[PDB]
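Pasted below: protein-v3.pdb, PDB, C-alpha atoms.
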MODEL        1
ATOM      1  CA  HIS Z 506      15.223 121.698 -66.784  1.00  0.00           C
ATOM      2  CA  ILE Z 507      13.507 120.383 -69.894  1.00  0.00           C
ATOM      3  CA  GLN Z 508      14.173 117.894 -72.707  1.00  0.00           C
ATOM      4  CA  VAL Z 509      12.859 118.995 -76.090  1.00  0.00           C
ATOM      5  CA  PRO Z 510      12.475 116.450 -78.918  1.00  0.00           C
ATOM      6  CA  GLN Z 511      13.497 116.582 -82.558  1.00  0.00           C
ATOM      7  CA  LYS Z 512      10.417 116.963 -84.740  1.00  0.00           C
ATOM      8  CA  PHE Z 513      11.866 117.395 -88.242  1.00  0.00           C
ATOM      9  CA  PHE Z 514      10.959 114.155 -89.967  1.00  0.00           C
ATOM     10  CA  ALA Z 515      14.107 113.638 -92.041  1.00  0.00           C
ATOM     11  CA  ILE Z 516      16.563 113.671 -89.128  1.00  0.00           C
ATOM     12  CA  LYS Z 517      14.347 112.636 -86.222  1.00  0.00           C
ATOM     13  CA  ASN Z 518      15.117 108.892 -86.402  1.00  0.00           C
ATOM     14  CA  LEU Z 519      18.113 108.756 -88.743  1.00  0.00           C
ATOM     15  CA  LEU Z 520      20.899 106.197 -88.329  1.00  0.00           C
ATOM     16  CA  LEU Z 521      24.337 107.738 -88.732  1.00  0.00           C
ATOM     17  CA  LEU Z 522      27.560 106.086 -89.811  1.00  0.00           C
ATOM     18  CA  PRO Z 523      31.016 107.297 -88.612  1.00  0.00           C
ATOM     19  CA  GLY Z 524      31.939 110.870 -89.446  1.00  0.00           C
ATOM     20  CA  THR Z 525      32.052 114.320 -87.895  1.00  0.00           C
ATOM     21  CA  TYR Z 526      28.860 116.373 -88.090  1.00  0.00           C
ATOM     22  CA  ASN Z 527      27.826 119.922 -87.235  1.00  0.00           C
ATOM     23  CA  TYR Z 528      24.364 120.388 -85.788  1.00  0.00           C
ATOM     24  CA  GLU Z 529      23.045 123.952 -85.513  1.00  0.00           C
ATOM     25  CA  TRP Z 530      19.652 124.921 -84.183  1.00  0.00           C
ATOM     26  CA  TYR Z 531      17.762 128.112 -83.299  1.00  0.00           C
ATOM     27  CA  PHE Z 532      15.446 128.354 -80.270  1.00  0.00           C
ATOM     28  CA  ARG Z 533      12.675 130.747 -79.271  1.00  0.00           C
ATOM     29  CA  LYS Z 534      12.273 133.508 -76.705  1.00  0.00           C
ATOM     30  CA  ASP Z 535       8.748 134.708 -77.588  1.00  0.00           C
ATOM     31  CA  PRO Z 536       6.682 134.146 -74.410  1.00  0.00           C
ATOM     32  CA  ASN Z 537       3.428 133.989 -76.382  1.00  0.00           C
ATOM     33  CA  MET Z 538       4.771 131.011 -78.334  1.00  0.00           C
ATOM     34  CA  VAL Z 539       6.954 129.295 -75.724  1.00  0.00           C
ATOM     35  CA  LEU Z 540       4.417 129.494 -72.892  1.00  0.00           C
ATOM     36  CA  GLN Z 541       0.704 128.724 -72.733  1.00  0.00           C
ATOM     37  CA  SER Z 542      -1.956 130.481 -70.677  1.00  0.00           C
ATOM     38  CA  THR Z 543      -5.393 129.480 -69.445  1.00  0.00           C
ATOM     39  CA  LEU Z 544      -6.995 132.870 -70.054  1.00  0.00           C
ATOM     40  CA  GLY Z 545      -5.072 133.456 -73.276  1.00  0.00           C
ATOM     41  CA  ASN Z 546      -3.835 136.961 -72.506  1.00  0.00           C
ATOM     42  CA  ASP Z 547      -0.765 138.724 -73.843  1.00  0.00           C
ATOM     43  CA  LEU Z 548       2.433 137.587 -72.151  1.00  0.00           C
ATOM     44  CA  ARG Z 549       4.603 140.307 -73.691  1.00  0.00           C
ATOM     45  CA  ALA Z 550       2.674 143.143 -72.039  1.00  0.00           C
ATOM     46  CA  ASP Z 551       2.162 141.212 -68.808  1.00  0.00           C
ATOM     47  CA  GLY Z 552       5.903 140.728 -68.769  1.00  0.00           C
ATOM     48  CA  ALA Z 553       6.999 137.113 -68.988  1.00  0.00           C
ATOM     49  CA  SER Z 554      10.458 136.173 -70.189  1.00  0.00           C
ATOM     50  CA  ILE Z 555      12.570 133.073 -70.726  1.00  0.00           C
ATOM     51  CA  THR Z 556      16.376 133.106 -70.615  1.00  0.00           C
TER
ATOM     52  CA  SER E 708      12.913 115.479 -60.944  1.00  0.00           C
ATOM     53  CA  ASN E 709      15.946 114.168 -59.054  1.00  0.00           C
ATOM     54  CA  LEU E 710      16.270 111.032 -61.200  1.00  0.00           C
ATOM     55  CA  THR E 711      19.480 111.155 -63.188  1.00  0.00           C
ATOM     56  CA  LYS E 712      20.304 110.754 -66.869  1.00  0.00           C
ATOM     57  CA  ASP E 713      22.576 107.874 -65.842  1.00  0.00           C
ATOM     58  CA  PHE E 714      19.904 105.766 -64.194  1.00  0.00           C
ATOM     59  CA  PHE E 715      16.607 106.567 -65.924  1.00  0.00           C
ATOM     60  CA  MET E 716      18.152 104.960 -69.012  1.00  0.00           C
ATOM     61  CA  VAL E 717      18.887 101.761 -67.068  1.00  0.00           C
ATOM     62  CA  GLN E 718      15.266 101.473 -65.933  1.00  0.00           C
ATOM     63  CA  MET E 719      13.773 102.079 -69.379  1.00  0.00           C
ATOM     64  CA  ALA E 720      16.203  99.682 -71.056  1.00  0.00           C
ATOM     65  CA  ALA E 721      15.561  96.907 -68.538  1.00  0.00           C
ATOM     66  CA  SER E 722      11.791  97.183 -68.323  1.00  0.00           C
ATOM     67  CA  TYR E 723      10.865  98.213 -71.860  1.00  0.00           C
ATOM     68  CA  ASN E 724      13.969  97.758 -74.115  1.00  0.00           C
ATOM     69  CA  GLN E 725      14.289 101.444 -74.887  1.00  0.00           C
ATOM     70  CA  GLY E 726      17.332 103.622 -75.102  1.00  0.00           C
ATOM     71  CA  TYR E 727      19.411 104.206 -78.281  1.00  0.00           C
ATOM     72  CA  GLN E 728      16.117 105.178 -79.997  1.00  0.00           C
ATOM     73  CA  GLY E 729      13.193 107.344 -78.956  1.00  0.00           C
ATOM     74  CA  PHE E 730      11.883 107.280 -75.427  1.00  0.00           C
ATOM     75  CA  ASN E 731       8.137 106.974 -75.846  1.00  0.00           C
ATOM     76  CA  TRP E 732       5.217 105.840 -73.775  1.00  0.00           C
ATOM     77  CA  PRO E 733       5.511 102.046 -74.104  1.00  0.00           C
ATOM     78  CA  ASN E 734       2.734  99.761 -75.258  1.00  0.00           C
ATOM     79  CA  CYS E 735       2.278  97.179 -72.501  1.00  0.00           C
ATOM     80  CA  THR E 736       2.781  98.601 -68.998  1.00  0.00           C
ATOM     81  CA  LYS E 737       2.407  96.212 -66.075  1.00  0.00           C
ATOM     82  CA  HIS E 738       1.118  96.965 -62.587  1.00  0.00           C
ATOM     83  CA  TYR E 739       4.528  96.859 -60.879  1.00  0.00           C
ATOM     84  CA  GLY E 740       6.264  98.661 -63.738  1.00  0.00           C
ATOM     85  CA  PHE E 741       8.270 101.851 -63.686  1.00  0.00           C
ATOM     86  CA  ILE E 742       6.778 104.415 -66.029  1.00  0.00           C
ATOM     87  CA  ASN E 743       3.156 104.239 -64.840  1.00  0.00           C
ATOM     88  CA  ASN E 744       4.271 104.503 -61.194  1.00  0.00           C
ATOM     89  CA  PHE E 745       6.879 107.259 -61.570  1.00  0.00           C
ATOM     90  CA  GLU E 746       5.454 110.627 -60.491  1.00  0.00           C
ATOM     91  CA  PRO E 747       7.715 113.707 -60.625  1.00  0.00           C
ATOM     92  CA  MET E 748       6.772 116.940 -58.915  1.00  0.00           C
ATOM     93  CA  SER E 749       8.047 120.405 -57.988  1.00  0.00           C
ATOM     94  CA  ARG E 750       7.282 123.143 -55.457  1.00  0.00           C
ATOM     95  CA  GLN E 751       8.911 126.529 -54.835  1.00  0.00           C
ATOM     96  CA  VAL E 752       9.643 127.663 -51.278  1.00  0.00           C
ATOM     97  CA  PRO E 753      10.852 131.225 -50.483  1.00  0.00           C
ATOM     98  CA  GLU E 754      14.380 132.097 -49.399  1.00  0.00           C
ATOM     99  CA  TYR E 755      13.491 132.554 -45.674  1.00  0.00           C
ATOM    100  CA  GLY E 756      16.397 134.857 -44.910  1.00  0.00           C
ATOM    101  CA  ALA E 757      16.639 137.573 -42.280  1.00  0.00           C
ATOM    102  CA  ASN E 758      13.679 139.654 -43.475  1.00  0.00           C
TER
ENDMDL
END

Would you write the structure of this file as structure tokens?
Amino acid sequence: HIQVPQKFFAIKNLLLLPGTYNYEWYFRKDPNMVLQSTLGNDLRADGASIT
Amino acid sequence: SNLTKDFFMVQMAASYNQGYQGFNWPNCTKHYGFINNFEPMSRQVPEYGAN
């Protein structure tokens, strides 16, 4: 149960005025990029998955 | 942790005047403060069913 920030510098601390806004975003499922490992092995072969 | 979205915002707004902008590690943290004393943690116990 995590809380990820917003890192894109234009809309990370923007002040909005009234109006209706759409806000789309794409997330990852690559376990080599999402997760970290101490040994640094492959996490796709050694099957790790996030859903 | 167990601490809710409702009530973590009350503690960070009272002690450090945060909320409505980015939650960050504050500058001046006292000894009896909240964020240097809060320690979340997690374990995983098995199901302990019939088998």

Students should find that CA of residue 708 (chain E) and CA of residue 748 (chain E) are spaced 6.6 Å

List every residue of chain Z that has an atom at most 12 Å from any atom of chain E, giving for each one its closest atom pair and the distance in Å to one decimal, counting all atoms listed in the file, sorted by chain and then by ascending residue number, as a tab-separated table.
residue	atom	partner	partner_atom	distance
Z:506	CA	E:708	CA	8.8
Z:507	CA	E:708	CA	10.2
Z:508	CA	E:712	CA	11.1
Z:509	CA	E:730	CA	11.8
Z:510	CA	E:729	CA	9.1
Z:511	CA	E:729	CA	9.9
Z:512	CA	E:729	CA	11.6
Z:517	CA	E:729	CA	9.1
Z:518	CA	E:728	CA	7.5
Z:519	CA	E:728	CA	9.7
Z:520	CA	E:728	CA	9.7

Do you know which residues the PyMOL selection byres ((chain Z and resi 537) around 10) returns on this file, as a JSON list (two decimals) with C-alpha atoms, in the frame of the given file?
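Okay, this is what ended up in part_0.json:
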[["chain", "number", "residue", "atom", "x", "y", "z"],
["Z", 534, "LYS", "CA", 12.27, 133.51, -76.70],
["Z", 535, "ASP", "CA", 8.75, 134.71, -77.59],
["Z", 536, "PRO", "CA", 6.68, 134.15, -74.41],
["Z", 538, "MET", "CA", 4.77, 131.01, -78.33],
["Z", 539, "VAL", "CA", 6.95, 129.29, -75.72],
["Z", 540, "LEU", "CA", 4.42, 129.49, -72.89],
["Z", 541, "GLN", "CA", 0.70, 128.72, -72.73],
["Z", 542, "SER", "CA", -1.96, 130.48, -70.68],
["Z", 545, "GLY", "CA", -5.07, 133.46, -73.28],
["Z", 546, "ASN", "CA", -3.84, 136.96, -72.51],
["Z", 547, "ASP", "CA", -0.76, 138.72, -73.84],
["Z", 548, "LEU", "CA", 2.43, 137.59, -72.15],
["Z", 549, "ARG", "CA", 4.60, 140.31, -73.69],
["Z", 553, "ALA", "CA", 7.00, 137.11, -68.99],
["Z", 554, "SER", "CA", 10.46, 136.17, -70.19]]

Go ahead and compute the interatomic distance for CA of residue 551 (chain Z) and CA of residue 751 (chain E), in Å to one decimal.
21.4 Å

Using the chain letters and numbering of this document, enumerate as a PyMOL selection string the residues selected by the PyMOL selection byres ((chain E and resi 742) around 10).
chain E and resi 718-719+722-723+732-733+736-741+743-746

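Rounded to one decimal, CA of residue 712 (chain E) and CA of residue 731 (chain E) lie 15.6 Å from each other.
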